[PDB]
Asks: 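Quick one: this structure, given as structure tokens, is what I'll be asking you about.
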18 protein chains.
Amino acid sequence: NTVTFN
Amino acid sequence: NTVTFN
Amino acid sequence: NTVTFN
Amino acid sequence: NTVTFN
Amino acid sequence: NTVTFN
Amino acid sequence: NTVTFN
Amino acid sequence: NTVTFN
Amino acid sequence: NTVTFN
Amino acid sequence: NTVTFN
Amino acid sequence: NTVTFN
Amino acid sequence: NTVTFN
Amino acid sequence: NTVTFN
Amino acid sequence: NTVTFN
Amino acid sequence: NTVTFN
Amino acid sequence: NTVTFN
Amino acid sequence: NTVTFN
Amino acid sequence: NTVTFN
Amino acid sequence: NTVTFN
């Protein structure tokens, strides 16, 4: 599972 | 599962 | 499952 | 399942 | 299932 | 099932 | 699992 | 598992 | 496991 | 807007 | 907006 | 916005 | 925003 | 923002 | 932001 | 920010 | 920031 | 910052 906060 | 916050 | 917040 | 918020 | 908010 | 909000 | 805070 | 704080 | 604070 | 998939 | 996948 | 995958 | 994967 | 993977 | 992997 | 891997 | 690997 | 490897 992947999470990116931009 | 993938989540991207832009 | 995929979620993108733009 | 896919969700995109634009 | 797909959901797009524009 | 598909939903698009424009 | 991966998390990136930008 | 990987975490990057930018 | 890897953690980078930038 | 609201969507529910049952 | 709100989406729920059941 | 809110998404829940059940 | 909030996402929950169950 | 918040993500929870269950 | 918050992420929890369960 | 907070991450927890369980 | 905080990370916990369990 | 804080990291704990359990």
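Proteins get letters first, then strands, A, B, ... in listed order; numbering begins at 1 in each.
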Asks: Any heavy-atom pair between the side chains of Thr4(D) and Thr2(D) that's under 4.5 Å?
Replies: yes
Asks: Could you work out, with ring-ring contact (aromatic ring centres under 6.0 Å, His included) as the rule, every residue matching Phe5(Q), not counting sequence neighbours?
Replies: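 Checked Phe5(Q) against ring-ring contact (aromatic ring centres under 6.0 Å, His included); matches are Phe5(P), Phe5(R).
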Asks: For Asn6(J), enumerate each residue passing the side chain to side chain donor-acceptor pair (under 3.5 Å) test, keeping only those at least two apart in sequence or located in another chain.
Replies: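 Expected list: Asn6(K).
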Asks: So, does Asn1(O) use its side chain to make a donor-acceptor pair with the main chain of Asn1(P) at under 3.5 Å?
Replies: no
